[PDB]
Structures are given as C-alpha cells and as structure tokens.
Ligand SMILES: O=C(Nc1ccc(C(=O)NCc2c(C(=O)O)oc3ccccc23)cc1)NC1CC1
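Below you'll find only one chain, the form deposited without the named molecule, shown as structure tokens.
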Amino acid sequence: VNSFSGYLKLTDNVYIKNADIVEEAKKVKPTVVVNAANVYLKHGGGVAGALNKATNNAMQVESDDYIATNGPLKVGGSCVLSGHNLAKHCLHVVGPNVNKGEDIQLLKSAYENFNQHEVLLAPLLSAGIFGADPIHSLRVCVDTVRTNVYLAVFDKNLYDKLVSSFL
C-alpha cells in the first residue's frame, strides 16, 4: 500500500491523475519525483521551472554545482539529486525535445531510467514544451516502465483525452 490517492489505474504498474505535480509532491512527499529536465539542468519552464520555483531555487543551485562537476547529461539520461521540500529524491530525466529536433526513439531510453526506482511520481516525458505527442509518451511509458509509476497530468483536457484514447 502507498499514499497516492485519486489515481486511475491504467495497467498493473501505471497510474494516472489530473494533478499539478508540484502540489502532488508537496502532499505525498514521494521517495522519487521525476523532473522533465534538459541536459544543462536549466530549470526555466514547464515542469522543471515549476518544480524549481517550489524549491525556492534550491534545485537550480544544486543542479548548477552538479553540472560544474559532471558536465551535461545525455538526451535519454538522468541523474539523482535531492528532492528538497518536494520528495526524498528528484530523478532528473532528459526526454528528447522535439522543438530542438531530438530523436523521439530516445523517449524509450528516457523512460528506462524509471526502472531503477520501485515507485515514482512523474510527468509524461517529452510532453508539454518538449513538443512530443503526450498520447505517444503515455504509450512508451506503459510499454517501457515496469516499476510503479504515478503520472500527474496538469491539463484536465489532456488528462481526459489520454484516458479516453488509452488502449
């Protein structure tokens, strides 16, 4: 049993809810919240900007030190950093950004990072300002992630379309 409430069950391991991931993280304090990161961990907008704002910029400060030591992530890659006030840990995952011309086949590689964690609160990778089709992102998620994933979808309209169209 876990703390996650109000989710629709899509599969054995994937759950979905219309929710603000920031507000969901603040309520649940999950072991892992996933960030929709870029390779530079520059948390300007989208999910990343919202998560970072909720940490009062402490996520960005920590991320800048990580990049100064390690250099950029790979598209499809990830790193584990603090969850600050939102979670124990934040798994920063880089999905391909279609608005930069990145290979959508890298979306599967991005979701494979989730398999290193038993339970996660996450957004749909490469959705929103990353430009991918969220229906596609949900299909890749279901077909790739084997651990237990609780997806937060900010937009109610999109949530209802993801559920209604789910095979």
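Residues carry their position along the shown sequence, with the first being 1.
Below, we turn to the form deposited with the named molecule bound, even though it does not appear here.
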Please classify the binding site as open or blocked after superposing the named molecule from its position in the entry with it bound; blocked means at least 3 ligand atoms come within 2.4 Å of backbone or C-beta atoms of this form.
-> blocked
According to a 4.5 angstroms non-hydrogen atom cut-off, is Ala50 in contact with the named molecule in the entry with it bound?
-> yes
Does the named molecule get within 4.5 angstroms of any non-hydrogen atom of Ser63 in the entry with it bound?
-> no
4.5 Å heavy atom contact, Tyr15 to the named molecule in the entry with it bound = no
Contact flag, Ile21 vs the named molecule in the entry with it bound, heavy atom cut 4.5 Å = yes
Any residue of 103 to 126 that, in the entry with it bound, places a heavy atom within 4.5 Å of the named molecule = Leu124, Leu125, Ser126
